[PDB]
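Asks: Provided below: my_file_16.tsv, containing TSV, N, CA and C atoms.
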chain	number	residue	atom	x	y	z
C	1	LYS	N	8.81	17.83	-7.83
C	1	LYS	CA	7.95	17.56	-6.65
C	1	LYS	C	7.00	16.39	-6.93
C	2	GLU	N	6.85	15.51	-5.95
C	2	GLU	CA	6.01	14.32	-6.09
C	2	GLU	C	4.57	14.57	-5.63
C	3	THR	N	3.62	14.01	-6.37
C	3	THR	CA	2.20	14.16	-6.07
C	3	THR	C	1.63	13.04	-5.20
C	4	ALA	N	0.40	13.25	-4.74
C	4	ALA	CA	-0.30	12.29	-3.89
C	4	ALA	C	-0.48	10.97	-4.62
C	5	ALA	N	-0.94	11.05	-5.86
C	5	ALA	CA	-1.16	9.88	-6.70
C	5	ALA	C	0.14	9.15	-7.02
C	6	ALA	N	1.20	9.91	-7.26
C	6	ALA	CA	2.50	9.32	-7.56
C	6	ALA	C	3.11	8.66	-6.32
C	7	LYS	N	2.84	9.24	-5.15
C	7	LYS	CA	3.35	8.71	-3.89
C	7	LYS	C	2.67	7.38	-3.54
C	8	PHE	N	1.36	7.29	-3.79
C	8	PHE	CA	0.60	6.07	-3.52
C	8	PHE	C	1.19	4.94	-4.36
C	9	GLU	N	1.40	5.22	-5.65
C	9	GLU	CA	1.97	4.23	-6.56
C	9	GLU	C	3.32	3.76	-6.05
C	10	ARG	N	4.14	4.72	-5.62
C	10	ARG	CA	5.47	4.43	-5.11
C	10	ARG	C	5.42	3.56	-3.85
C	11	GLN	N	4.51	3.90	-2.94
C	11	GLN	CA	4.38	3.17	-1.69
C	11	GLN	C	3.59	1.86	-1.71
C	12	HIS	N	2.55	1.79	-2.53
C	12	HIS	CA	1.69	0.60	-2.54
C	12	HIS	C	1.52	-0.21	-3.83
C	13	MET	N	2.07	0.27	-4.94
C	13	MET	CA	1.93	-0.46	-6.19
C	13	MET	C	3.15	-1.31	-6.59
C	14	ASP	N	2.88	-2.58	-6.91
C	14	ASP	CA	3.90	-3.52	-7.37
C	14	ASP	C	3.18	-4.51	-8.28
C	15	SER	N	2.84	-4.03	-9.48
C	15	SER	CA	2.14	-4.83	-10.48
C	15	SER	C	3.05	-5.87	-11.11
C	16	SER	N	4.34	-5.54	-11.19
C	16	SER	CA	5.35	-6.42	-11.78
C	16	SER	C	5.28	-7.87	-11.27
C	17	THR	N	4.88	-8.04	-10.02
C	17	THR	CA	4.77	-9.37	-9.41
C	17	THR	C	3.30	-9.84	-9.44
C	18	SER	N	2.99	-10.91	-8.71
C	18	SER	CA	1.64	-11.46	-8.66
C	18	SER	C	1.40	-12.21	-7.35
C	21	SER	N	6.09	-12.73	-2.58
C	21	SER	CA	6.93	-13.85	-2.99
C	21	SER	C	7.80	-14.36	-1.82
C	22	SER	N	9.12	-14.28	-1.98
C	22	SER	CA	10.07	-14.74	-0.97
C	22	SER	C	10.05	-13.93	0.33
C	23	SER	N	10.65	-14.50	1.37
C	23	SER	CA	10.73	-13.85	2.68
C	23	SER	C	11.70	-12.67	2.68
C	24	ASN	N	12.29	-12.39	1.52
C	24	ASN	CA	13.23	-11.29	1.36
C	24	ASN	C	12.48	-10.03	0.91
C	25	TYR	N	11.44	-10.26	0.10
C	25	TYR	CA	10.58	-9.23	-0.48
C	25	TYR	C	10.48	-7.88	0.24
C	26	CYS	N	9.82	-7.87	1.40
C	26	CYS	CA	9.63	-6.64	2.17
C	26	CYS	C	10.90	-5.83	2.42
C	27	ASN	N	11.92	-6.47	3.00
C	27	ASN	CA	13.18	-5.79	3.29
C	27	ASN	C	13.81	-5.16	2.05
C	28	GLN	N	13.72	-5.87	0.92
C	28	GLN	CA	14.27	-5.40	-0.34
C	28	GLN	C	13.40	-4.31	-0.95
C	29	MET	N	12.09	-4.50	-0.89
C	29	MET	CA	11.12	-3.55	-1.43
C	29	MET	C	10.99	-2.27	-0.62
C	30	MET	N	10.91	-2.41	0.70
C	30	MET	CA	10.79	-1.26	1.58
C	30	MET	C	11.92	-0.25	1.39
C	31	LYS	N	13.11	-0.74	1.05
C	31	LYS	CA	14.26	0.14	0.83
C	31	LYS	C	14.30	0.71	-0.58
C	32	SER	N	14.13	-0.15	-1.58
C	32	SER	CA	14.16	0.27	-2.98
C	32	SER	C	13.01	1.22	-3.33
C	33	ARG	N	12.06	1.36	-2.40
C	33	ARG	CA	10.93	2.27	-2.56
C	33	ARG	C	11.13	3.49	-1.66
C	34	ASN	N	12.31	3.54	-1.04
C	34	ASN	CA	12.71	4.64	-0.16
C	34	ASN	C	11.75	4.88	1.00
C	35	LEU	N	11.35	3.79	1.65
C	35	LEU	CA	10.44	3.86	2.79
C	35	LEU	C	11.21	3.79	4.11
C	36	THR	N	12.45	3.33	4.03
C	36	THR	CA	13.33	3.21	5.18
C	36	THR	C	14.32	4.37	5.22
C	37	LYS	N	14.08	5.37	4.37
C	37	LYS	CA	14.95	6.55	4.26
C	37	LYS	C	15.33	7.26	5.56
C	38	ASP	N	14.37	7.96	6.16
C	38	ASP	CA	14.63	8.70	7.39
C	38	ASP	C	14.24	7.93	8.66
C	39	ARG	N	13.63	6.76	8.47
C	39	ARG	CA	13.20	5.89	9.57
C	39	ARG	C	12.53	4.65	9.01
C	40	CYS	N	12.48	3.58	9.79
C	40	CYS	CA	11.84	2.35	9.34
C	40	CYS	C	10.33	2.49	9.55
C	41	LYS	N	9.58	2.39	8.46
C	41	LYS	CA	8.12	2.49	8.52
C	41	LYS	C	7.62	1.22	9.19
C	42	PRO	N	6.83	1.36	10.27
C	42	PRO	CA	6.28	0.22	11.01
C	42	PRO	C	5.56	-0.83	10.16
C	43	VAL	N	4.67	-0.39	9.27
C	43	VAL	CA	3.90	-1.31	8.42
C	43	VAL	C	3.49	-0.71	7.07
C	44	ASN	N	3.58	-1.52	6.01
C	44	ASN	CA	3.19	-1.11	4.66
C	44	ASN	C	2.49	-2.26	3.93
C	45	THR	N	1.93	-1.98	2.77
C	45	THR	CA	1.23	-2.98	1.99
C	45	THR	C	1.42	-2.75	0.49
C	46	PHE	N	1.71	-3.81	-0.25
C	46	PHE	CA	1.91	-3.70	-1.70
C	46	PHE	C	0.82	-4.47	-2.42
C	47	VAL	N	0.20	-3.83	-3.40
C	47	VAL	CA	-0.86	-4.45	-4.18
C	47	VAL	C	-0.31	-4.99	-5.50
C	48	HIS	N	-0.40	-6.31	-5.67
C	48	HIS	CA	0.09	-6.99	-6.87
C	48	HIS	C	-0.97	-7.06	-7.97
C	49	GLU	N	-1.59	-5.92	-8.25
C	49	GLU	CA	-2.60	-5.84	-9.30
C	49	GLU	C	-2.20	-4.72	-10.24
C	50	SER	N	-2.86	-4.65	-11.39
C	50	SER	CA	-2.57	-3.62	-12.37
C	50	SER	C	-3.00	-2.25	-11.86
C	51	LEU	N	-2.37	-1.21	-12.39
C	51	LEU	CA	-2.68	0.16	-12.00
C	51	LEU	C	-4.15	0.47	-12.26
C	52	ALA	N	-4.65	0.03	-13.41
C	52	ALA	CA	-6.04	0.24	-13.80
C	52	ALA	C	-6.98	-0.44	-12.81
C	53	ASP	N	-6.63	-1.64	-12.37
C	53	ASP	CA	-7.45	-2.37	-11.42
C	53	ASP	C	-7.59	-1.61	-10.10
C	54	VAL	N	-6.46	-1.12	-9.58
C	54	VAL	CA	-6.43	-0.36	-8.34
C	54	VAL	C	-7.12	1.00	-8.50
C	55	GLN	N	-6.88	1.67	-9.63
C	55	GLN	CA	-7.49	2.97	-9.91
C	55	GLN	C	-9.01	2.88	-10.03
C	56	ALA	N	-9.50	1.74	-10.51
C	56	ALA	CA	-10.93	1.53	-10.68
C	56	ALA	C	-11.66	1.39	-9.34
C	57	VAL	N	-10.91	1.23	-8.25
C	57	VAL	CA	-11.50	1.11	-6.92
C	57	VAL	C	-12.15	2.44	-6.54
C	58	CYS	N	-11.65	3.53	-7.11
C	58	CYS	CA	-12.19	4.86	-6.82
C	58	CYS	C	-13.61	5.07	-7.32
C	59	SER	N	-14.12	4.08	-8.05
C	59	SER	CA	-15.48	4.15	-8.56
C	59	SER	C	-16.24	2.93	-8.04
C	60	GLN	N	-15.73	2.31	-6.98
C	60	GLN	CA	-16.37	1.14	-6.41
C	60	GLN	C	-17.15	1.38	-5.11
C	61	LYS	N	-17.09	0.45	-4.16
C	61	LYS	CA	-17.86	0.61	-2.92
C	61	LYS	C	-17.41	1.75	-2.01
C	62	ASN	N	-18.22	2.80	-1.91
C	62	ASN	CA	-17.88	3.93	-1.05
C	62	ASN	C	-18.08	3.53	0.41
C	63	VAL	N	-17.01	3.68	1.20
C	63	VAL	CA	-17.03	3.36	2.63
C	63	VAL	C	-16.34	4.48	3.42
C	64	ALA	N	-16.55	4.50	4.73
C	64	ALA	CA	-15.94	5.50	5.58
C	64	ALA	C	-14.46	5.21	5.85
C	65	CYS	N	-13.64	6.26	5.79
C	65	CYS	CA	-12.22	6.14	6.05
C	65	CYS	C	-12.05	5.97	7.55
C	66	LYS	N	-10.94	5.37	7.96
C	66	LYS	CA	-10.67	5.14	9.38
C	66	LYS	C	-10.61	6.43	10.20
C	67	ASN	N	-10.31	7.55	9.56
C	67	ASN	CA	-10.24	8.83	10.25
C	67	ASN	C	-11.53	9.65	10.22
C	68	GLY	N	-12.58	9.11	9.60
C	68	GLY	CA	-13.85	9.82	9.55
C	68	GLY	C	-14.26	10.39	8.21
C	69	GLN	N	-13.27	10.69	7.35
C	69	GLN	CA	-13.53	11.21	6.01
C	69	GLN	C	-14.42	10.27	5.21
C	70	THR	N	-15.11	10.81	4.20
C	70	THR	CA	-16.02	10.01	3.39
C	70	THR	C	-15.50	9.55	2.03
C	71	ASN	N	-14.29	9.96	1.66
C	71	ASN	CA	-13.74	9.60	0.35
C	71	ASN	C	-12.92	8.30	0.23
C	72	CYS	N	-13.35	7.22	0.90
C	72	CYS	CA	-12.68	5.92	0.82
C	72	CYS	C	-13.51	4.91	0.05
C	73	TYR	N	-12.82	4.03	-0.67
C	73	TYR	CA	-13.50	3.01	-1.45
C	73	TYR	C	-12.95	1.62	-1.21
C	74	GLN	N	-13.86	0.66	-1.12
C	74	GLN	CA	-13.50	-0.73	-0.89
C	74	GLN	C	-13.71	-1.44	-2.21
C	75	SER	N	-12.84	-2.39	-2.51
C	75	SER	CA	-12.94	-3.12	-3.77
C	75	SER	C	-13.90	-4.30	-3.75
C	76	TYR	N	-14.68	-4.43	-4.82
C	76	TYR	CA	-15.65	-5.51	-4.97
C	76	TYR	C	-15.02	-6.90	-4.95
C	77	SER	N	-13.86	-7.03	-5.57
C	77	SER	CA	-13.14	-8.30	-5.61
C	77	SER	C	-11.94	-8.23	-4.69
C	78	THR	N	-11.47	-9.39	-4.23
C	78	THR	CA	-10.29	-9.44	-3.38
C	78	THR	C	-9.10	-9.27	-4.32
C	79	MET	N	-8.02	-8.66	-3.83
C	79	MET	CA	-6.83	-8.45	-4.64
C	79	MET	C	-5.62	-9.07	-3.97
C	80	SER	N	-4.64	-9.46	-4.78
C	80	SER	CA	-3.42	-10.06	-4.26
C	80	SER	C	-2.54	-8.96	-3.69
C	81	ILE	N	-2.20	-9.09	-2.40
C	81	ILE	CA	-1.39	-8.10	-1.70
C	81	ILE	C	-0.31	-8.74	-0.82
C	82	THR	N	0.45	-7.90	-0.12
C	82	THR	CA	1.50	-8.36	0.77
C	82	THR	C	1.63	-7.39	1.95
C	83	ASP	N	1.57	-7.92	3.17
C	83	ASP	CA	1.70	-7.10	4.38
C	83	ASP	C	3.13	-7.16	4.90
C	84	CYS	N	3.71	-6.00	5.17
C	84	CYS	CA	5.07	-5.93	5.70
C	84	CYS	C	5.02	-5.37	7.12
C	85	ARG	N	5.44	-6.17	8.09
C	85	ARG	CA	5.45	-5.76	9.49
C	85	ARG	C	6.88	-5.70	10.02
C	86	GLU	N	7.18	-4.64	10.77
C	86	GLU	CA	8.51	-4.46	11.34
C	86	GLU	C	8.75	-5.42	12.50
C	87	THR	N	9.70	-6.33	12.31
C	87	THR	CA	10.05	-7.34	13.32
C	87	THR	C	10.65	-6.75	14.59
C	88	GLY	N	11.02	-7.63	15.52
C	88	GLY	CA	11.62	-7.21	16.77
C	88	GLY	C	13.12	-7.03	16.61
C	89	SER	N	13.72	-7.87	15.77
C	89	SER	CA	15.15	-7.81	15.50
C	89	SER	C	15.42	-6.72	14.47
C	90	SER	N	14.67	-5.63	14.57
C	90	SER	CA	14.79	-4.52	13.64
C	90	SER	C	15.11	-3.20	14.33
C	91	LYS	N	16.17	-2.55	13.87
C	91	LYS	CA	16.60	-1.26	14.40
C	91	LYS	C	17.23	-0.46	13.27
C	92	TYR	N	16.80	0.78	13.11
C	92	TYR	CA	17.31	1.67	12.07
C	92	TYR	C	18.83	1.77	12.20
C	93	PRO	N	19.57	1.79	11.07
C	93	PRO	CA	19.19	1.75	9.65
C	93	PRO	C	18.85	0.37	9.12
C	94	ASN	N	19.05	-0.66	9.93
C	94	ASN	CA	18.75	-2.03	9.51
C	94	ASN	C	17.32	-2.42	9.85
C	95	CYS	N	16.42	-2.15	8.91
C	95	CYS	CA	15.00	-2.45	9.06
C	95	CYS	C	14.70	-3.89	8.65
C	96	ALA	N	14.00	-4.61	9.52
C	96	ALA	CA	13.64	-6.00	9.25
C	96	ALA	C	12.12	-6.12	9.18
C	97	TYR	N	11.63	-6.70	8.08
C	97	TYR	CA	10.19	-6.85	7.88
C	97	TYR	C	9.72	-8.28	7.61
C	98	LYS	N	8.58	-8.62	8.20
C	98	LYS	CA	7.97	-9.94	8.04
C	98	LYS	C	7.04	-9.93	6.84
C	99	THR	N	7.43	-10.63	5.78
C	99	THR	CA	6.62	-10.72	4.57
C	99	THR	C	5.44	-11.67	4.80
C	100	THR	N	4.25	-11.22	4.43
C	100	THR	CA	3.03	-12.01	4.60
C	100	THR	C	2.06	-11.78	3.44
C	101	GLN	N	1.94	-12.76	2.56
C	101	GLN	CA	1.05	-12.69	1.40
C	101	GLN	C	-0.41	-12.96	1.80
C	102	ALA	N	-1.35	-12.48	0.98
C	102	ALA	CA	-2.78	-12.68	1.23
C	102	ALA	C	-3.65	-12.19	0.07
C	103	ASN	N	-4.93	-12.58	0.11
C	103	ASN	CA	-5.93	-12.18	-0.88
C	103	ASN	C	-7.05	-11.53	-0.07
C	104	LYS	N	-7.11	-10.20	-0.11
C	104	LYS	CA	-8.11	-9.45	0.63
C	104	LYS	C	-8.60	-8.23	-0.15
C	105	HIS	N	-9.82	-7.79	0.15
C	105	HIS	CA	-10.38	-6.61	-0.49
C	105	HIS	C	-9.56	-5.44	0.04
C	106	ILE	N	-9.37	-4.40	-0.76
C	106	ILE	CA	-8.61	-3.25	-0.29
C	106	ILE	C	-9.47	-1.99	-0.17
C	107	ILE	N	-9.07	-1.09	0.72
C	107	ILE	CA	-9.77	0.18	0.93
C	107	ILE	C	-8.77	1.31	0.77
C	108	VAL	N	-9.09	2.25	-0.11
C	108	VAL	CA	-8.22	3.38	-0.40
C	108	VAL	C	-8.94	4.74	-0.38
C	109	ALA	N	-8.17	5.80	-0.18
C	109	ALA	CA	-8.70	7.16	-0.16
C	109	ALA	C	-8.43	7.75	-1.54
C	110	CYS	N	-9.47	8.26	-2.20
C	110	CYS	CA	-9.34	8.83	-3.54
C	110	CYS	C	-9.66	10.31	-3.59
C	111	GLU	N	-8.96	11.04	-4.45
C	111	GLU	CA	-9.20	12.48	-4.60
C	111	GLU	C	-8.56	13.07	-5.85
C	112	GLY	N	-8.98	14.28	-6.21
C	112	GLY	CA	-8.42	14.95	-7.37
C	112	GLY	C	-9.18	14.82	-8.68
C	113	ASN	N	-8.58	15.37	-9.73
C	113	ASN	CA	-9.14	15.34	-11.07
C	113	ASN	C	-7.97	15.03	-12.02
C	114	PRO	N	-7.90	13.79	-12.53
C	114	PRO	CA	-8.83	12.67	-12.29
C	114	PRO	C	-8.82	12.11	-10.87
C	115	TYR	N	-9.89	11.39	-10.54
C	115	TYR	CA	-10.10	10.78	-9.24
C	115	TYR	C	-9.27	9.50	-9.12
C	116	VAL	N	-8.17	9.59	-8.37
C	116	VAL	CA	-7.25	8.46	-8.20
C	116	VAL	C	-6.90	8.22	-6.74
C	117	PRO	N	-6.47	7.00	-6.39
C	117	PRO	CA	-6.11	6.67	-5.00
C	117	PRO	C	-4.91	7.49	-4.52
C	118	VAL	N	-5.03	8.10	-3.34
C	118	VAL	CA	-3.93	8.89	-2.79
C	118	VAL	C	-3.54	8.42	-1.40
C	119	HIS	N	-4.17	7.35	-0.93
C	119	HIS	CA	-3.89	6.82	0.39
C	119	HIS	C	-4.42	5.40	0.46
C	120	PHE	N	-3.68	4.50	1.12
C	120	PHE	CA	-4.13	3.13	1.29
C	120	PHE	C	-4.68	3.06	2.72
C	121	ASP	N	-6.00	2.94	2.86
C	121	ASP	CA	-6.62	2.93	4.18
C	121	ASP	C	-6.58	1.63	4.96
C	122	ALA	N	-6.84	0.51	4.30
C	122	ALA	CA	-6.84	-0.79	4.97
C	122	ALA	C	-7.08	-1.94	3.99
C	123	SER	N	-7.01	-3.16	4.51
C	123	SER	CA	-7.28	-4.36	3.72
C	123	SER	C	-8.17	-5.24	4.59
C	124	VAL	N	-9.31	-5.66	4.05
C	124	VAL	CA	-10.25	-6.50	4.80
C	124	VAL	C	-10.59	-7.83	4.13
Starting from the file, give its structure as structure tokens.

Replies:
Amino acid sequence: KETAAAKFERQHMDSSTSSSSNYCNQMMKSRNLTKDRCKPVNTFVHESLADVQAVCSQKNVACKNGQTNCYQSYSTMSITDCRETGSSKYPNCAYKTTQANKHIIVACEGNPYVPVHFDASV
């Protein structure tokens, strides 16, 4: 069985990189996000696990749903936004790769306190 922390890593972590217009389509599948349906939008953080995990001890901010356990990062991080195009229909999911440098906001919980949800990027 997969955990909240392990799922976040699976869905939003890609430290191996730091790309091409192929990225999203290739990543969204190899991460099993297009399994039972094409996920409308996702985000991959090209930073180290430690860097992302340290956000849980950074700027405490309100989550988009009202909860109080969200944290925003002091520094901007290298990320990638994947948006589902118009020429996209399951099982053939098409995503628009878009790189950027923005602060990230995540939901943290547990013992140890680690990110279990990616809330937004500002």

Asks: Measuring atom to atom with all atoms listed in the file, identify which of C:86, C:40, C:122, C:108 is nearest to residue 72 in chain C.

Replies: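 Among the listed residues, C:108 lies closest to residue 72 in chain C.
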
Asks: Identify which of the residues C:78, C:45, C:123, C:50 lies closest to residue 25 in chain C, counting only C-alpha atoms when measuring atom-to-atom distances.

Replies: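 Looking at the shortest contact to residue 25 in chain C, the residue is C:45.
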
Asks: Find the spatial neighbours of residue 16 in chain C, counting all atoms listed in the file, within a cut-off of 8 Å - ignore same-chain residues fewer than 3 positions away - and output them as a VMD selection string.

Replies: chain C and resid 13 47 to 50

Asks: For a quick check of understanding, using all atoms listed in the file, which of C:62, C:35, C:18, C:30 has the smallest distance to residue 80 in chain C?

Replies: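 The closest residue to residue 80 in chain C is C:18.
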
Asks: Report as a ChimeraX atom specification: the residues of chain C with a DSSP assignment of strand (DSSP E), based on the backbone of this structure.

Replies: /C:43-47,61-63,72-74,79-86,97-104,106-111,116-123

Asks: Tell me, as a list in words, which residues lie within 8 Å of residue 4 in chain C, counting only N, CA and C atoms; anything in the same chain fewer than 2 positions away does not count.

Replies: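 The neighbour list is residues 1, 2, 6, 7, 8, 9, 10, 116, 117, 118 and 119 of chain C.
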
Asks: Residues near residue 38 in chain C, anyone? I mean within 8 Å using all atoms listed in the file, not counting same-chain ones fewer than 3 positions away, as a VMD selection string.

Replies: chain C and resid 34 to 35 41 92 to 93

Asks: Between atom N of residue 29 in chain C and CA of residue 124 in chain C, what distance in Å does the model show, to one decimal?

Replies: 23.1 Å

Asks: Quick one: distance from atom N of residue 94 in chain C to atom N of residue 15 in chain C in Å, one decimal?

Replies: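 The value is 25.5 Å.
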
Asks: Could you work out an axis-aligned bounding box for all listed atoms of range 38-53 of chain C, with 6 Å added on each of the six sides, and give its centre and edge lengths in Å to one decimal, as lines of an AutoDock Vina configuration file?

Replies:
center_x = 3.5
center_y = 0.8
center_z = -1.4
size_x = 34.2
size_y = 27.8
size_z = 36.8

Asks: From the options C:58, C:51, C:63, C:43, which residue's atoms come nearest to residue 112 in chain C, counting only C-alpha atoms?

Replies: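 Smallest separation from residue 112 in chain C among the options: C:58.
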
Asks: Let me make sure I understand: among C:83, C:14, C:121, C:111, which one has the smallest atom-to-atom distance to residue 33 in chain C if we use only C-alpha atoms?

Replies: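 Smallest separation from residue 33 in chain C among the options: C:14.
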
Asks: Please indicate the distance in Å from atom N of residue 53 in chain C to atom N of residue 5 in chain C, rounded to one decimal place.

Replies: 15.4 Å
